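K.L.:
The structure follows.
Here the Cβ is made from the backbone with ideal geometry for all residues, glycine too, and neighbour counts use every protein chain on show. Since every read-out is calculated from the coordinates, none of them should be taken as a lab result.
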Amino acid sequence: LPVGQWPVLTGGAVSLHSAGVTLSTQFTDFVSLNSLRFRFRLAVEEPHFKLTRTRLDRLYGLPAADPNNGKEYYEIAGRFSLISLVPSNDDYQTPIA
Amino acid sequence: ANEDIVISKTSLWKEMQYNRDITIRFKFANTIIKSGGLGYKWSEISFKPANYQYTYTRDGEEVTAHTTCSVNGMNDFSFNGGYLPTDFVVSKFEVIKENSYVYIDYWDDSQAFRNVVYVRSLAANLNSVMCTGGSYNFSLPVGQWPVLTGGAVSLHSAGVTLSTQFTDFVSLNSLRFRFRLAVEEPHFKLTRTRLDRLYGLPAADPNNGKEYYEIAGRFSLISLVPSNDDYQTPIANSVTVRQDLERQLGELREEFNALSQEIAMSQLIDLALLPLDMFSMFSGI
Amino acid sequence: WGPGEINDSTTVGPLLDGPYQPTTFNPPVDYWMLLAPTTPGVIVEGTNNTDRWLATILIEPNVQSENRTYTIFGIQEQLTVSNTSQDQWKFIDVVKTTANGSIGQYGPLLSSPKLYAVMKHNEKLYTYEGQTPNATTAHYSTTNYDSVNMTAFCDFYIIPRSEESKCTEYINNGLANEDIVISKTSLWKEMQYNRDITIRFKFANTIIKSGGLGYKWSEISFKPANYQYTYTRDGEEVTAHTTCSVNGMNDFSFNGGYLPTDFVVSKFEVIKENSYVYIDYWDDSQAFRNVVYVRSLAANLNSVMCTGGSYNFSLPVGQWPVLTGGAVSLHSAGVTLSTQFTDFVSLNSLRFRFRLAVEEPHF
Amino acid sequence: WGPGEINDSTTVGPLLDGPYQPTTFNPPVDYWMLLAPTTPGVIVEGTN
């Protein structure tokens, strides 16, 4: 703000829980990747987000101001299970791709 | 004239009085400016706008406050022990007296303080404090240095005056708390000059080397603050409501089996003959 | 609405027009000339060139009759100097009937603090005579009193006639942490206005003169000036109440001589580029009733071509100096809408600030 | 939230060395004694 007190968008938490998984295709500047898309449903939590020096107080959700909150990354650890079909014409020679 | 237009729709405001303990630390300053000549004369020995910054433990949380102090309404006396260049002619010694009021501007970074805009009323339960005058030597190319001795003055709280300078579309705030000055013992003597036992803090040394003039007092500020109450939010603004746990399936099955008592054979046969379909089965559920 | 609390530049007037060094300067009618020495010798010589050659002369305490030669009125002659007091200095008046004839002495004057006063009234010179604290104001009858040239050899002061008591005194002994809700939520609305209003104002001056002749101008600053007028703004008679002041102006001092009739000007204020004029208007109209909780404010006041004052410095005798020149324009410098909450009532003061730009001619 | 103005006035021609009256004194270092004479006669007599 050029003059006066600086408004601040502080707060706002959400929780991510798994809600299925499906195939997708990421891309890079040189190659395309056969990625897996994990879809997570959201759930707002106790930390509220306010807009100081205003009248928007006690709002819930995660705004887009600084969703990372200074963290380098958010981590979700778990397990996935897939059964892929491989074209094997013999009792052996199971292809590895 | 004959014109006026609407800017915005109506808004929700409320009146609220903020009561806060304020500590006041303001050190005076002296110009003490030497006029031309051999060095005996003085242009205008007067108080200057003295600025400082502090941090106080108010309400259990540190508050950072800028502090400007000045005085207006002082009496300006003159001295003439001879107009000769080797003699002592002082144009104006500024002295605080009953005609003098101290004006002090405060800038605290606290919440209510920032909220003090478009205010309704202010009450200041400040404490009167004694301010004494020190001594200083007036430079002279020849002769002993003249000095000050004694004196004191007392500050008494008076009306607070808040101002807002309007530039373009910005309001620059300017608070000014006022203190009436009442002179008190001891008295002021200037060496090698006429004044003997004069009263009133001079423009030479009102600080007296004091750390700061600590005045502790409460302040009640009734101002029209803006607020929407707990409204103007989304109709579903709250933490996610956890769905209630359903039931233990074992006991659910137990109760379902127990329901077999309330079954009539003939009516059950009729219901069995009726072909339940995707509609009939779930219509009344 | 109405109040104004900007008042600075206090002044003190020299009670006796300050000290004066040895020279030929006389006391005008209704003005005592007081004399304060440093060391003995000659004090004053009042010469009419016609019939009066008075001379007030110092003598130390405990001094007997001694014959000494003095260069009085350019001629060396022998005179007798004597004292009667043992602790009080003597101020003896030598009287010369004629230049050729002998010269006498009278007017023994016993006072410790070394202060003594002379005057001219009612066909008589009023010279302090006698012993302290009863030192009288004895009188000598002669002609052409106002023409007496008073050539003196000490420090001096000038007093009014009404302060004979002061002259006698001088001769006899010398000089918490919580918040609460007041009222529930209410309805408000920022409201715009497009209105033009005429503005007119006057000035005033603190003309503080020194005590005595008047050739010593202690100070001339600006006064807080209050006025009232009526204006027709779009068919609505408004009683505008006006209060003026000025701050941050540049000042001058002048000295044509450090002596009584010499034109001395200790301090004079003058509006200049650095100067700003604080101007308060009060109107009972709806706009100025609604201007309490104001969000924004902008004034488009046009320039004001201002010509400086021109009056003749009042002095008791002699040519009158005058001031002419130095025009000034005024430009908007913002508006301060201050509120002053005393213990019970709120004095709401609106002050437009006007920067003063300076322009020819030259003062 | 910045401080407001304070009523003040600048110095009143302080650096004006006026008509120092004629008598016996000792000129100090770095003070040129400009003169204002009017009629024929002696102006200054500096005696060591």
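K.L.:
Using Cα-Cα distances under 8 Å and only pairs 6 or more residues apart, what relative contact order does the range C:187-230 have, in percent?
P.N.:
The normalised contact order for the range C:187-230 reaches 34 percent.
K.L.:
Let me ask you something else. Let me make sure I get this right: for the range C:29-112, a, b and c are the square roots of the gyration tensor eigenvalues over alpha carbons, sorted descending. Under 1.5 in a/c it's rounded, otherwise prolate if a/b > b/c, else oblate. Which is it? The partial results should precede the final answer.
P.N.:
Numbers: a/c = 2.01, a/b = 1.23, b/c = 1.64.
Here the range C:29-112 falls in the oblate category.
K.L.:
Now for a separate question. Would you mind giving the mean number of other chain beta-carbons within 10 Å of the Cβ of each residue in C:346-356, as a whole number? Walk me through the intermediate numbers first.
P.N.:
Values: counts 6, 2, 0, 2, 1, 2, 0, 2, 0, 0, 0.
If you average over the peptide's residues, the count of other-chain Cβ atoms is 1.
K.L.:
Taking the mean number of other Cβ atoms within 10 Å as a proxy for protection, how do you rank B:49-61, C:204-216 from highest to lowest?
P.N.:
C:204-216, B:49-61
K.L.:
Quick one: go through the range C:90-110 and flag any residue whose amide nitrogen is under 19 Å from the point 7 Å out along the Cα-to-Cβ line of C:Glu77.
P.N.:
C:92-108
K.L.:
Here's another thing I want to ask about it. For every helix of n ≥ 4 consecutive DSSP H residues, a contribution of -39,500 (n - 2.57) applies; sum these over chain B, divide by its total residues, and give [θ] at 222 nm rounded to the nearest 500 deg cm²/dmol. Numbers along the way, then the final one.
P.N.:
On the way: 4 runs with 28 residues, N = 285.
When only DSSP H runs of four or more count, the value is -2500 deg cm²/dmol.
K.L.:
Roughly how many whole Å is it from the C-alpha centroid of the range A:21-97 to that of the range B:147-212?
P.N.:
About 67 Å separates the Cα centre of the range A:21-97 from the one of the range B:147-212.
K.L.:
What percentages make up the Cα-Cα pair-distance distribution of the range C:186-291 when the bins are 10 Å wide from 0?
P.N.:
Going out from 0 Å in 10 Å bins, the range C:186-291 shows 12, 29, 22, 18, 11, 6, 2, 0 percent.
K.L.:
Name the most mobile residue of B:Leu224, B:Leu198, B:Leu274, meaning the one with the largest mean-square fluctuation, in a Gaussian network model of chain B with Cα contacts below 10 Å.
P.N.:
Highest fluctuation of the listed residues: B:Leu274.
K.L.:
Another one. Taking the range B:108-230, how much of its Cα-Cα pair set, in percent, is spaced more than 19 angstrom apart?
P.N.:
63
K.L.:
Which of the three applies to the range C:7-60, rounded, prolate or oblate, going by the alpha-carbon gyration tensor with a ≥ b ≥ c and a/c under 1.5 meaning rounded? Mind showing how you got there, number by number?
P.N.:
Working: a/c = 3.72, a/b = 1.81, b/c = 2.06.
It comes out oblate by the Cα gyration axes.
K.L.:
Still on this structure: What is the dipole size for the protein assembly as shown, taken about its Cα centre, with +1 at each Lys and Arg Cβ and -1 at each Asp and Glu Cβ, in debye to the nearest 20?
P.N.:
1260
K.L.:
Could you give each residue of the range B:4-16 its phi-based ³J(HN,Hα) in whole Hz, using Karplus coefficients 6.51, -1.76, 1.60 with θ = phi - 60°, and x for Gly or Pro?
P.N.:
Whole-Hz 3J(HN,Hα) from phi for the range B:4-16: 5, 10, 8, 9, 9, 5, 6, 9, 9, 10, 8, 9, 8.
K.L.:
Output the direction-averaged projected area (hull surface divided by four) of the convex hull of the alpha-carbon atoms of the range B:64-109, in nm².
P.N.:
4.7
K.L.:
Does the range C:66-155 classify as rounded, prolate or oblate by the C-alpha gyration tensor (a ≥ b ≥ c root eigenvalues; a/c under 1.5 gives rounded; else a/b over b/c gives prolate, otherwise oblate)?
P.N.:
Here the range C:66-155 falls in the oblate category.
K.L.:
Also, I was wondering about something else. Which links in B:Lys92/B:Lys189; B:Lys92/C:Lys202; B:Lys48/C:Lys216; B:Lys97/C:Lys202; B:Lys97/B:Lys210 stretch past 27 Å when you go from one Cα to the other?
P.N.:
Values: B:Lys92/B:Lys189 16 Å; B:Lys92/C:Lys202 29 Å; B:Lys48/C:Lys216 29 Å; B:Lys97/C:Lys202 30 Å; B:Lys97/B:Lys210 20 Å.
Listed pairs above 27 Å: B:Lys92/C:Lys202; B:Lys48/C:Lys216; B:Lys97/C:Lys202.
K.L.:
Between C:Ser285, C:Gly212, B:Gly36, whose Cα lies farthest towards the positive end of the dipole of the protein assembly as shown when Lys and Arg beta carbons carry +1 and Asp and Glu beta carbons carry -1, centred on the Cα centre?
P.N.:
Towards the positive end, the residue furthest out is C:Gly212.
K.L.:
Further question: Per q in 0.06, 0.10, 0.13 Å⁻¹, report the Debye log10 I(q)/I(0) for chain C, using one uniform scatterer on each alpha carbon and no solvent.
P.N.:
The calculated log intensity ratios at q = 0.06, 0.10, 0.13 Å⁻¹ are -0.42, -0.76, -1.00.
K.L.:
Mind listing the Cα extents of the range C:124-181 along all three principal axes, in Å, largest one first?
P.N.:
Projected onto its principal axes, the Cα set of the range C:124-181 covers 87, 28, 23 Å.
K.L.:
Cut-off 12 Å, label point 7 angstrom out along Cα-to-Cβ of A:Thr54: give me the residues of the range C:168-189 whose amide nitrogen falls inside.
P.N.:
none
K.L.:
Sorted from largest down, what three extents in whole angstroms do the Cα atoms of the protein assembly as shown have along their principal axes?
P.N.:
169, 72, 59
K.L.:
Oh, and also: With charges only on Cβ, +1 for K and R and -1 for D and E, what is the dipole size of chain B about its Cα centre, in debye, rounded to 20?
P.N.:
Using Cβ point charges on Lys, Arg, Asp and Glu, chain B gives about 2380 debye.
K.L.:
Taking Cα centroids, how far is the range C:324-363 from chain D in Å?
P.N.:
Taking the Cα centre of each part, the range C:324-363 and chain D sit 35 Å apart.
K.L.:
Mind checking the angle between helix B:249-258 and chain B's longest principal axis? C-alpha axes, 0 to 90 degrees, to the nearest 10.
P.N.:
It is inclined by approximately 40 degrees.
K.L.:
In addition: How many nm is it between the label spots at B:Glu214 and D:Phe25, if each spot is 7 Å from the Cα in line with the beta carbon?
P.N.:
5.0
K.L.:
Which whole-number percent is the relative contact order of chain B (Cα, under 8 Å, 6+ apart)?
P.N.:
The value is 22 percent.
K.L.:
Okay, moving on. Please list, or write none, the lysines whose alpha carbon is within less than 29 Å of the alpha carbon of C:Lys96, excluding same-chain residues fewer than 8 places away.
P.N.:
Straight-line reach from C:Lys96, under 29 Å: C:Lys114, C:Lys120, C:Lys124.
K.L.:
Which residue fluctuates most in the GNM of chain D (Cα springs below 10 Å): D:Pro22, D:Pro14, D:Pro37?
P.N.:
Result: D:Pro14 has the largest fluctuation of those listed.
K.L.:
Among B:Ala152, A:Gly12, D:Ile43, which residue has its Cα positioned farthest towards the positive end of the charge dipole of the protein assembly as shown, with +1 placed on the Cβ of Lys and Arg, -1 on the Cβ of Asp and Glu, and the dipole taken about the Cα centre?
P.N.:
So the residue we want is D:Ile43.
K.L.:
Between A:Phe40, A:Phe30, A:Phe80, where does the largest GNM mean-square fluctuation fall for chain A, given springs only between Cα atoms within less than 10 Å?
P.N.:
Largest GNM mean-square fluctuation: A:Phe30.
K.L.:
Now for a separate question. In peptide A:34-45, how many Cβ atoms from other protein chains are near each Cβ within 10 Å, on average?
P.N.:
Other-chain Cβ atoms within 10 Å of each residue's Cβ, averaged: 1.
K.L.:
Count, for each residue of B:70-79, the Cβ atoms from other chains sitting within 10 Å of its Cβ, then give me the mean as a whole number. Can you show the working numbers first?
P.N.:
Numbers: counts 5, 3, 10, 6, 3, 3, 7, 3, 10, 1.
Across B:70-79, the average partner-chain Cβ count within 10 Å equals 5.
K.L.:
Restricting to DSSP H runs of at least four residues, report the calculated mean residue ellipticity at 222 nm for chain C, -39500 (n - 2.57) per run over all residues, nearest 500 deg cm²/dmol. Show your work: numbers first, answer last.
P.N.:
Details: 2 runs with 15 residues, N = 363.
Mean residue ellipticity at 222 nm (helix-derived): -1000 deg cm²/dmol.
K.L.:
What residue among B:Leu84, B:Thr64, B:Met74 has its Cα farthest toward the positive end of the dipole of the range B:38-84, where the charges are +1 on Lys, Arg and -1 on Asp, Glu, each on the Cβ?
P.N.:
So the residue we want is B:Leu84.
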